[PDB]
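Student: One structure, as structure tokens, below. Some questions next.
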Amino acid sequence: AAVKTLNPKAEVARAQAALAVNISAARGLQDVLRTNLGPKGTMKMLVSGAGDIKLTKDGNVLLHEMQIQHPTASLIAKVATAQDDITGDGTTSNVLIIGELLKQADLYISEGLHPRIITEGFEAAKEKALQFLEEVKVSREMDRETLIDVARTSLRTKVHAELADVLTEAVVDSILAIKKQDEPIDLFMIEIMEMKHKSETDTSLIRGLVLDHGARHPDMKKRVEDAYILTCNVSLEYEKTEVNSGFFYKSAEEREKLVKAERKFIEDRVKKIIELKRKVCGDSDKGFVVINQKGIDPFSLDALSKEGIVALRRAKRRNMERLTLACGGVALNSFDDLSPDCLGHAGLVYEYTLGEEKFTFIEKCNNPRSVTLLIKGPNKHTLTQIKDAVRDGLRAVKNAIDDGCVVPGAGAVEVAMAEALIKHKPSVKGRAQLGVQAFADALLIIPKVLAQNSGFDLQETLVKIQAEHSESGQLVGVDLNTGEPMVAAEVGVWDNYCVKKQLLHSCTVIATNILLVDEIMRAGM
Amino acid sequence: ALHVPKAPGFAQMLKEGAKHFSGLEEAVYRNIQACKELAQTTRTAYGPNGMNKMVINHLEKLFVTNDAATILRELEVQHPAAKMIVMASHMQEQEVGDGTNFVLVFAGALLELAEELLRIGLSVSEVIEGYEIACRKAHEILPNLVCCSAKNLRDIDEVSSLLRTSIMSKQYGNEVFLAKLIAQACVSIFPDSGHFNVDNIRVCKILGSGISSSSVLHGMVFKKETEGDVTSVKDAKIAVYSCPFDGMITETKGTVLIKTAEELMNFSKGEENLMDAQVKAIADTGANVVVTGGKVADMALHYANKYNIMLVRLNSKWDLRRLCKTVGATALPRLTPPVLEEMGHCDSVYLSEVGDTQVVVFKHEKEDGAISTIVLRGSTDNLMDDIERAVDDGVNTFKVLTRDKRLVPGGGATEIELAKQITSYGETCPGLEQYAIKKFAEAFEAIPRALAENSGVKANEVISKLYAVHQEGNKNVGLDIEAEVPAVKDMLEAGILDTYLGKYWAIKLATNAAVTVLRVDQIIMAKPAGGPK
Amino acid sequence: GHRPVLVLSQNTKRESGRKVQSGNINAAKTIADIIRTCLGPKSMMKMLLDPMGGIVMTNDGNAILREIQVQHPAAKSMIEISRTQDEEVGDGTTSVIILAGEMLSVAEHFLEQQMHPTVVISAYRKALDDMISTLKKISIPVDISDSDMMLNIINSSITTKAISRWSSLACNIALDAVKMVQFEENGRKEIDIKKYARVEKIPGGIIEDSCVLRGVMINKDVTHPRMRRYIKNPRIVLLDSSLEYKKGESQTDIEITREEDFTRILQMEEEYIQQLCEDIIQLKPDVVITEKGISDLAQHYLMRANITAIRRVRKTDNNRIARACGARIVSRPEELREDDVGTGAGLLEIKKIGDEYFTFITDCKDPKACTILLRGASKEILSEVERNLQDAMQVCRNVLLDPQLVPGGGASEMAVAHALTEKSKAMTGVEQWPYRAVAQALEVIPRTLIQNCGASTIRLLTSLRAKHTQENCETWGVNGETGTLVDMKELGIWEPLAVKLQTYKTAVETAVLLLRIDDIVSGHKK
Ligand SMILES: Nc1ncnc2c1ncn2[C@@H]1O[C@H](COP(=O)(O)OP(=O)(O)O)[C@@H](O)[C@H]1O
Ligand SMILES: Nc1ncnc2c1ncn2[C@@H]1O[C@H](COP(=O)(O)OP(=O)(O)O)[C@@H](O)[C@H]1O
Ligand SMILES: Nc1ncnc2c1ncn2[C@@H]1O[C@H](COP(=O)(O)OP(=O)(O)O)[C@@H](O)[C@H]1O
Ligand SMILES: [Mg+2]
Ligand SMILES: [Mg+2]
Ligand SMILES: [Mg+2]
């Protein structure tokens, strides 16, 4: 080879070798990820180099955690990473469709066909398929029932049935809580907090915040009923001068005076806080909670606790916005002009201790625009799996709300798309009809994998579903319990329209680019 | 994303050390490059102005020569395509005896132009077909290019003039003297019967006195000595014995069974008397020279000395057979005295010293016989070896002339005429084969180009002049060696001629090798492993 | 003992003669053969494995050549000329390499035929001059006011890349970006797309959604959540100095003896920050953008005046914002002027894409800087799209500066070859043969196009050569998609004159450079 002649220690795969290598890698990835698809899939168990246990079913997590060192695998992993980053679902379907597109293209390339014609057919089929998908989408008013159905169709595929049922209500209620009319949904306003002391079905939604840190002074009250929240970002600990001050004294009395006088700056702000608390609530019935993004030294903690004030230090940066939206106050960076109108309100604040860790609950808010999801489980891997599942569910519900439409699932949409592509194939001139047929066959992979995961066979189930679709014209999918054709619209098996569109676009682009690769080099050394 | 795996299928199933080159660029171009490299190494030894090359083989033996076949033999060529080219060269050497460098040069030019044709869009099959058509055209044309014939081989001056050109490429400075020597040696051989035996010419290399002192001896010369005391005979009566010069013994097992004292006392006396009787019976036939192929017994030597018999012990059977041929005797299987028909005769046998080497000479006064010997002198072993190679080339040229007497002009004249005629023919035939035919014609330019390059002149001027002259019609004109400026002159008058069979076989073998190399598409080389021999 | 004594140091090799020339020419031919198949509209793509673990799936010749490592110095020279061609004009990188390889290949013949390299070099230079004359002769003018012609030129430039599927959108984006970047000040015209035409790649979405913004987009968010994330008609103020309290350059130390000096010093730090914020506010801006940190207390004083603050932008991003919104970066807020206030941005929106916040200063009126937001399947796809966009913008700039055009698809190559042969028919010296050899070696571009198209080289090239011998056939090339000879007045494939001039000059000069070279010496330490 020319490259090996120029660089002796270089690896080269050229002409049919590059296609063979890429298609073999894609087929291996597809074979690994077949068992993930559908709720009837098999959980994969991942052990890291440090012995950490990872129980998961996601395509993206599996791709990241497989010990794979292949270039084509890296490309497909990046594609799935983008898929997860933007839409949050469809990574397994992404890998399956890419692999099946490559396999169907090879089925014709091995008979002397050129990949360029296959790519042209792929482009035409993708255009027609996007048109059909636009035609078939169901524009619906996203009420609570439809969102529950979408969240179910995600979570059941991700986790156990009862856990999915709980997470559906949790995710849908959280999204409806934070959502503002005609305003983009900000998913940063949903805390995903982990606790490790109860069963997995104890995961719930708190209409407020849960903080992983509690009061650092034992004398502070552990439970405040009616609380006023002061969200601040002001340092309440001793701070040294920027210009290297140092102290100079000539006796012990002057040293005592300077010690007493070096606390005055922080004491002024503590006095301001205490005066505000005294003015706002003159009785002991109401409470006062101070949440600070910066540290609070023990002197200030004692001064505050002597006034019946609960003070939390070193809060998270996003917790400022979370508390501002939920409790309803103003995040303060300085106490120059602080008024009772900048105080948030919480209907209940209490501290929960779990082992060596302490938590603070802020509930009973008036109208919390930011809420938290409390993930509870007996194991760490259970918590991680539930976090992944709730991420997928939140993404699915957000996509369903954003795009007012939704697409029938259970494999119906791609069956209809393949049938439409076959009907449209004669309209394509030249030999791009072979590429169109390959694209349709690749689109048909999802019902096949669903049938295998349900325990059925590809041929019988697929021909039954296609015959039912052709005879009736409805969107018939795969019934994973019986295998008979079934219309996903009534049963509530829904898929995100954006997810399907992204799947089509990304899969077609990456398959076309891979098919046109004819030479692989590693000669940078 | 840091390693490229081997493609599934044949790439993975390939053995550990094996190699697989497939396709045009990976295989055909590489083979053409290797053949071009081999031709480049051998090129600078072409023509009278070719420079000698000192090659040291794996056994530390030193070869200095400008013979292409010898250089290829002493070079450990590894590339298979160059190996096939070397095989073609050796086949040309075996078939004719001269034209090996022509074979390499033509094969290299053909393969290089084939690479050019493949690069400009032609296919391998079309190039091969065009080359075959052009080779057939050249073979048809060649008989029409004959300028003169041998027309006599019993002459000395004419044969020397004919053989001068063949031994002018080697030993350019002094070729007339070598031509005379080889002509005399060959004319001694080659009786009225048309058959000529190349092996009948013997070369003896004796160091010391420079090659100008070489001579031709009508007989055999052996670098040996005489067992007995007699060292010269003037009326030689050689008796040849393949058996050892001793009393024959049984083949199972000889046990002297003694049972009485009288037998023990008489055994040695009887054995000696028997051996004496046998030797005297041999001598009574008039034989005075005895040549034996085996060990000489002490008693046999003593009794041969007593009867004045010259003893020579030729150890090798080939020398014994050649002496039988040259003297006219038959190798007897036993020690019986020879009969008149088996009796060997020679004009003179004597022991002589040449330089510091003791030799035994079987000399015929007549300028005839079955075997003739060329005594080569020199100041270096390598010089004598090169002179012997030149002698072999001249003898092979004489053999070719005996087979076919037609001659064609040399010095690139025949090559230029063939190129012009093939170019003219190729401009008439339409189709994609015209490019291949034109390239085949152009490949003949490498011969005058090599001659001009070795002569120190500009090759392009010589080629243009040759085309012009052949365009007027002088088809016997080649480049002039004795000229600093690029110049051309007639070859028929200068006596620079090439054998027709040499050109015919060289062209055929070169084009066959080029076509065979082109036909190869894939190369599957195994692990080299060992194989020292 | 008795260590060997010798003139040069060890590990110092030296080879000379025909071997060096043959090796150099073979190295150049190998470099050419590496990317020979990546030329034309039907070129295949290559996957290159970065030693740092990355993957570069690309069709551009320059990226392929710069991502590989070679040991032969002639290959290094070839890679250097490829980089030079890429930097000077933007495209034509895989054409100049092929041309140089072919020229050296045809020079090897004359080197082997007892011709001194200097004669070959003189013939090469005469041929290059005549090529320049012929290209200047056969060019056609182009009016830059016609948008359709510019779009067609950019399309012809990008038909050979992977973006030809969305060619229309790509051409519109490139043309708009080049028009926006174009600037003139003090009578010095400037089209600087390497600084003020930024390409941002955000994986995901669809490629059809990529567009060029009338402004600048950065990956930044407000310092404090109370700040507005949507302002209708902001007044931009740019800074490149910290809004914090920092130590001075001179070594300074305080000495506190009175009790109230510590608190006084801290209060004066706060008052200094307040004074800086008040100086900023006196101009009444809507947003403040700084390249250095902004203190939390400064954030409080800025929010008190209802001002959005972006904390730490890069120097280049700040320059782009200044060019787009018409602001002027200042360091000391005490010296702020109304002229430095950036008015002209029609909208500042800070939205979230995926899981990250992005700041948009789009909707500017007469902006001199722009950002190209690229959305696609993955990182490598977006990298290749960015490379194609760079090629398109470079071609657009070349056409804007140099408004002549020459036919593409090898038509210019064949026309120049025919003119060179006609001129060589008149010479009588020995230099004519290398001259004609270069003339016919220029035919490698149509031959490579035919080879990549899959058609037969011999008869198609012969027919094209016969066609170019007529009176008016200078615009006859080949189809890279159908393998037929067509007039480029109909196909519409045209290339900038500057690109072809640079390609021919670089190829001929690389051939000259590698022809002059003999007696390679290697191994010596610095
Ligand atoms: N209850 C159900 N019955 C039938 N099909 C279902 C059901 N739930 C989900 N599916 C189908 O199974 C697929 C599940 O894919 P999934 O495992 O979520 O892959 P990804 O996580 O990559 O999206 C969906 O495409 C959906 O159409
Ligand atoms: N005196 C001469 N002048 C010109 N050419 C000569 C002369 N003698 C021999 N030649 C040429 O040299 C060639 C022989 O080259 P040589 O070294 O014998 O190669 P090979 O052994 O392969 O024939 C012949 O073709 C002949 O034309
Ligand atoms: N549609 C087409 N038909 C024929 N030739 C084309 C076409 N489009 C571009 N070309 C030719 O291909 C060349 C561009 O190939 P490209 O891969 O861009 O090489 P480079 O990167 O060196 O410019 C141009 O010289 C042009 O003449
Ligand atoms: Mg999913
Ligand atoms: Mg010879
Ligand atoms: Mg280009």
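Just remember, in the structure tokens the first chain shown is A, the second B, etc., residues are 1-based per chain, and ligands are 1-based in the order shown.
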As a ChimeraX atom specification, please: the residues near stretch 354-369 of chain A (cut-off 9 Å, only C-alpha atoms, same-chain neighbours under 2 positions excluded).
Tutor: /A:177-180,189,195-197,206-215,322-328,345-352,371
Student: What are the residues of chain B that have an atom within 8 Å of an atom of chain A, counting only C-alpha atoms, as a ChimeraX atom specification?
Tutor: /B:1-8,26
Student: Compile a residue-level contact table for chain C against ligand 6 at a cut-off of 6 Å, reporting for every qualifying residue the shortest atom pair and its distance in Å to one decimal, with only C-alpha atoms and all ligand atoms counted, rows ordered by chain and ascending number, as a Markdown table.
Tutor:
| residue | atom | partner | partner_atom_place_in_ligand_line | distance |
| --- | --- | --- | --- | --- |
| C:91 | CA | ligand 6 | 1 (Mg) | 4.7 |
| C:92 | CA | ligand 6 | 1 (Mg) | 4.8 |
| C:157 | CA | ligand 6 | 1 (Mg) | 5.8 |
Student: Restricting the output to N, CA and C atoms, write the selected residues as a tab-separated table (two decimals), in the first residue's frame.
Tutor:
chain	number	residue	atom	x	y	z
C	91	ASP	N	-9.25	26.34	-1.50
C	91	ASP	CA	-9.55	25.05	-2.10
C	91	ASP	C	-8.55	24.78	-3.21
C	92	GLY	N	-8.69	23.62	-3.85
C	92	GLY	CA	-7.71	23.18	-4.81
C	92	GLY	C	-6.56	22.40	-4.23
C	157	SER	N	-18.27	25.16	-6.44
C	157	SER	CA	-17.18	24.91	-5.51
C	157	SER	C	-17.50	23.79	-4.53
Student: As a PyMOL selection string, please: the residues near residue B:442 (cut-off 10 Å, only C-alpha atoms, same-chain neighbours under 2 positions excluded).
Tutor: chain B and resi 109-110+113+415-416+418-420+422-423+436-440+444-446
Student: Per DSSP on the backbone, what are the strand (DSSP E) residues of stretch 174-298 of chain C, as a PyMOL selection string?
Tutor: chain C and resi 183-185+188-190+197-203+211-212+217-218+230-231+236-239+287-290
Student: Just list as a PyMOL selection string whatever in stretch 127-227 of chain A DSSP marks as alpha helix (DSSP H).
Tutor: chain A and resi 127-136+144-158+161-178
Student: Next, write the just-selected residues to a file, as a compact mmCIF listing (two decimals), in the first residue's frame, keeping C-alpha atoms as the atom set.
Tutor:
# COMPACT_ATOMS: atom_id res chain seq x y z
CA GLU A 127 -37.39 12.60 1.93
CA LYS A 128 -40.51 10.53 1.24
CA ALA A 129 -40.40 9.07 4.75
CA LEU A 130 -40.22 12.52 6.34
CA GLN A 131 -43.19 13.58 4.23
CA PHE A 132 -45.15 10.53 5.39
CA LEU A 133 -44.20 11.12 9.03
CA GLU A 134 -45.46 14.69 8.76
CA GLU A 135 -48.66 13.29 7.24
CA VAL A 136 -49.20 10.68 9.97
CA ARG A 144 -52.63 15.13 31.60
CA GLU A 145 -53.79 11.80 30.15
CA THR A 146 -51.69 12.02 26.98
CA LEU A 147 -48.61 13.05 28.97
CA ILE A 148 -49.20 10.12 31.32
CA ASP A 149 -49.41 7.79 28.32
CA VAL A 150 -46.15 9.10 26.84
CA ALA A 151 -44.36 8.91 30.19
CA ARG A 152 -45.61 5.34 30.57
CA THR A 153 -44.41 4.35 27.10
CA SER A 154 -40.96 5.59 28.10
CA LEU A 155 -40.67 4.41 31.70
CA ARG A 156 -42.06 0.90 31.14
CA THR A 157 -39.37 0.42 28.50
CA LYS A 158 -36.84 1.77 30.99
CA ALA A 161 -43.85 -1.95 35.66
CA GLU A 162 -44.86 -0.67 39.11
CA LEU A 163 -41.83 1.61 39.33
CA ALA A 164 -42.75 2.97 35.90
CA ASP A 165 -46.32 3.52 37.07
CA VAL A 166 -45.11 5.58 40.03
CA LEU A 167 -42.59 7.51 37.93
CA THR A 168 -45.28 8.40 35.38
CA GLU A 169 -47.29 10.32 37.97
CA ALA A 170 -44.14 11.84 39.45
CA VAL A 171 -42.73 13.06 36.12
CA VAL A 172 -46.04 14.30 34.70
CA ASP A 173 -46.94 16.19 37.88
CA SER A 174 -43.47 17.75 38.08
CA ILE A 175 -43.55 18.89 34.45
CA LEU A 176 -47.06 20.31 34.81
CA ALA A 177 -45.91 22.10 37.97
CA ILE A 178 -42.90 23.84 36.43
Student: Considering only C-alpha atoms, can you say which of B:254, B:9, B:80, B:121 comes closest to chain C?
Tutor: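 Selected residue with least distance to chain C: B:121.
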Student: Near chain B, meaning an atom within 7 Å, which residues of chain C appear when counting only C-alpha atoms? Write them as a PyMOL selection string.
Tutor: chain C and resi 49+51+53-54+457-458
Student: Which residues form the shell of 12 Å around ligand 4 when you count only C-alpha atoms and all ligand atoms, given as a PyMOL selection string?
Tutor: chain A and resi 36-39+41+57-61+80+83-84+87-94+150-159+388-396+409-410+494-496+499-500+503
Student: Rank nothing, just name the residue among C:324, C:302, C:277, C:236 nearest to chain A, using only C-alpha atoms.
Tutor: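 Among the listed residues, the smallest separation from chain A belongs to C:302.
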Student: Would you list the residues that come within 7 Å of ligand 5? Count only C-alpha atoms and all ligand atoms and give the answer as a list in words.
Tutor: residues 98, 99, 100, 166 and 169 of chain B
Student: For the residues selected in the previous step, produce a file with C-alpha atoms as a PDB file, in the first residue's frame.
Tutor:
ATOM      1  CA  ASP B  98      24.563 -14.769 -26.240  1.00  0.00           C
ATOM      2  CA  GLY B  99      21.822 -12.181 -25.898  1.00  0.00           C
ATOM      3  CA  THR B 100      21.053 -12.316 -22.186  1.00  0.00           C
ATOM      4  CA  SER B 166      30.363 -11.964 -30.655  1.00  0.00           C
ATOM      5  CA  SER B 169      31.351  -7.061 -26.382  1.00  0.00           C
TER       6      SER B 169
END
Student: What's the 8 Å shell around residue A:435, counting only C-alpha atoms, without same-chain residues fewer than 6 positions away, as a PyMOL selection string?
Tutor: chain A and resi 105+117-122+125
Student: Find the residues around stretch 386-394 of chain B up to 10 Å (only C-alpha atoms counted), leave out those fewer than 6 positions away in its own chain, and share them as a PyMOL selection string.
Tutor: chain B and resi 52+63-67+70+93+96-99+160+162-171+175+178-179+181-183+186+198-199+201-205+211+374+376-378+400
Student: Got a sec to check which residues lie within 9 Å of ligand 2, using only C-alpha atoms and all ligand atoms, and send them as JSON, numbers by chain?
Tutor: {"B": [45, 46, 47, 48, 49, 50, 66, 67, 68, 69, 89, 93, 97, 98, 99, 100, 101, 102, 103, 104, 105, 164, 165, 166, 167, 168, 169, 170, 172, 393, 409, 410, 411, 412, 413, 414, 415, 447, 448, 451, 478, 479, 480, 481, 482, 491, 494, 495, 496, 497, 498, 502, 503, 506]}
Student: Output the contact residues of chain A with respect to chain C at a cut-off of 7 Å, based on only C-alpha atoms, as a compact mmCIF listing (two decimals) with C-alpha atoms, in the first residue's frame.
Tutor:
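Okay, this is what ended up in out_32.txt:
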# COMPACT_ATOMS: atom_id res chain seq x y z
CA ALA A 2 1.07 3.59 -0.63
CA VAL A 3 0.51 4.69 2.97
CA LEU A 6 5.43 6.00 3.18
CA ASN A 7 4.78 5.08 6.83
CA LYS A 78 -21.22 10.03 19.02
CA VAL A 79 -24.42 9.94 16.95
CA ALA A 82 -26.16 13.70 20.19
CA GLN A 83 -29.52 11.90 20.00
CA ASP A 85 -28.41 15.17 24.35
CA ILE A 86 -31.10 16.77 22.19
CA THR A 241 -8.40 42.18 53.47
CA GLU A 242 -7.18 42.05 49.87
CA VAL A 243 -4.22 44.35 50.60
CA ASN A 244 -2.37 42.36 53.31
CA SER A 245 -3.42 44.37 56.36
CA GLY A 246 -1.92 42.71 59.42
CA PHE A 247 -2.35 44.05 62.96
CA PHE A 248 0.06 45.99 65.18
CA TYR A 249 -0.49 46.39 68.92
CA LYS A 257 -9.67 45.51 71.27
CA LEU A 258 -8.45 44.61 67.78
CA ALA A 261 -13.05 45.14 66.30
CA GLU A 262 -12.09 42.77 63.47
CA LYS A 264 -17.50 44.23 63.09
CA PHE A 265 -17.93 43.94 59.31
CA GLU A 321 -32.97 30.24 41.24
CA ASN A 333 -25.99 39.33 46.71
CA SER A 334 -25.72 42.05 49.38
CA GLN A 502 -34.17 13.05 14.56
CA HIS A 505 -32.25 12.44 9.80
CA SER A 506 -29.28 11.23 11.86
CA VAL A 509 -26.86 10.98 7.31
CA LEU A 516 -19.16 6.33 1.07
CA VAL A 517 -16.05 5.68 3.18
CA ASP A 518 -13.67 3.61 1.06
CA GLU A 519 -10.36 3.87 2.93
CA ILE A 520 -9.36 3.88 6.61
CA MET A 521 -5.97 5.13 7.80
CA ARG A 522 -4.08 5.28 11.09
CA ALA A 523 -0.82 7.02 10.18
CA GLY A 524 -0.50 9.96 12.56
CA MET A 525 2.36 8.40 14.54
Student: With a distance cut-off of 6 Å and only C-alpha atoms, select the neighbouring residues of residue C:294, excluding the residue or stretch itself and same-chain residues fewer than 4 positions from it, and output the selection as a PyMOL selection string.
Tutor: chain C and resi 243-244+311
Student: For the residues selected in the previous step, produce a file with N, CA and C atoms as a CSV table (one decimal), in the first residue's frame.
Tutor:
chain,number,residue,atom,x,y,z
C,243,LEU,N,-14.4,43.6,37.0
C,243,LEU,CA,-15.3,44.4,37.9
C,243,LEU,C,-15.1,44.1,39.3
C,244,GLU,N,-14.0,43.5,39.7
C,244,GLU,CA,-13.7,43.1,41.1
C,244,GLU,C,-12.8,44.1,41.8
C,311,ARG,N,-20.4,37.1,32.2
C,311,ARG,CA,-19.3,37.1,33.1
C,311,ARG,C,-17.9,37.1,32.4
Student: For stretch 277-293 of chain A, find every residue with an atom within 9 Å (counting only C-alpha atoms), except residues of its own chain fewer than 6 positions away, and show them as a PDB file with C-alpha atoms, in the first residue's frame.
Tutor:
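This is the output file part08.pdb:
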ATOM      1  CA  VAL A 224     -40.162  25.267  61.464  1.00  0.00           C
ATOM      2  CA  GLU A 225     -43.853  25.377  60.597  1.00  0.00           C
ATOM      3  CA  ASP A 226     -44.401  28.846  59.097  1.00  0.00           C
ATOM      4  CA  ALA A 227     -41.112  30.054  57.638  1.00  0.00           C
ATOM      5  CA  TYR A 228     -39.817  33.142  55.859  1.00  0.00           C
ATOM      6  CA  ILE A 229     -37.069  32.259  53.386  1.00  0.00           C
ATOM      7  CA  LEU A 230     -34.094  34.584  52.888  1.00  0.00           C
ATOM      8  CA  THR A 231     -32.156  33.361  49.848  1.00  0.00           C
ATOM      9  CA  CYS A 232     -28.815  35.171  49.958  1.00  0.00           C
ATOM     10  CA  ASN A 233     -25.352  34.996  48.390  1.00  0.00           C
ATOM     11  CA  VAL A 234     -23.432  36.970  51.019  1.00  0.00           C
ATOM     12  CA  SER A 235     -20.414  35.628  52.878  1.00  0.00           C
ATOM     13  CA  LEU A 236     -21.091  35.502  56.623  1.00  0.00           C
ATOM     14  CA  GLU A 307     -32.378  34.643  67.607  1.00  0.00           C
ATOM     15  CA  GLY A 308     -34.214  31.490  66.514  1.00  0.00           C
ATOM     16  CA  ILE A 309     -32.981  31.570  62.904  1.00  0.00           C
ATOM     17  CA  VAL A 310     -32.184  28.473  60.845  1.00  0.00           C
ATOM     18  CA  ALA A 311     -29.142  29.143  58.655  1.00  0.00           C
ATOM     19  CA  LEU A 312     -27.925  26.936  55.802  1.00  0.00           C
ATOM     20  CA  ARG A 313     -24.521  27.552  54.229  1.00  0.00           C
ATOM     21  CA  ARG A 314     -22.738  26.498  51.034  1.00  0.00           C
ATOM     22  CA  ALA A 315     -25.937  25.967  49.070  1.00  0.00           C
ATOM     23  CA  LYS A 316     -25.820  25.003  45.406  1.00  0.00           C
ATOM     24  CA  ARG A 317     -25.578  27.752  42.804  1.00  0.00           C
ATOM     25  CA  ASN A 319     -30.566  26.449  44.322  1.00  0.00           C
ATOM     26  CA  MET A 320     -30.713  30.256  44.307  1.00  0.00           C
ATOM     27  CA  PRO A 340     -39.559  42.279  53.905  1.00  0.00           C
ATOM     28  CA  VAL A 349     -39.314  23.508  56.725  1.00  0.00           C
TER      29      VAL A 349
END
Student: How would you write, as a ChimeraX atom specification, the set of residues no farther than 6 Å from ligand 3 when counting only C-alpha atoms and all ligand atoms?
Tutor: /C:38-41,60,91-95,156,159-160,408-410,478-480,493
Student: Separation of atom CA of residue C:128 and atom CA of residue C:424, in Å?
Tutor: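 Going from atom CA of residue C:128 over to atom CA of residue C:424, I get 12.8 Å.
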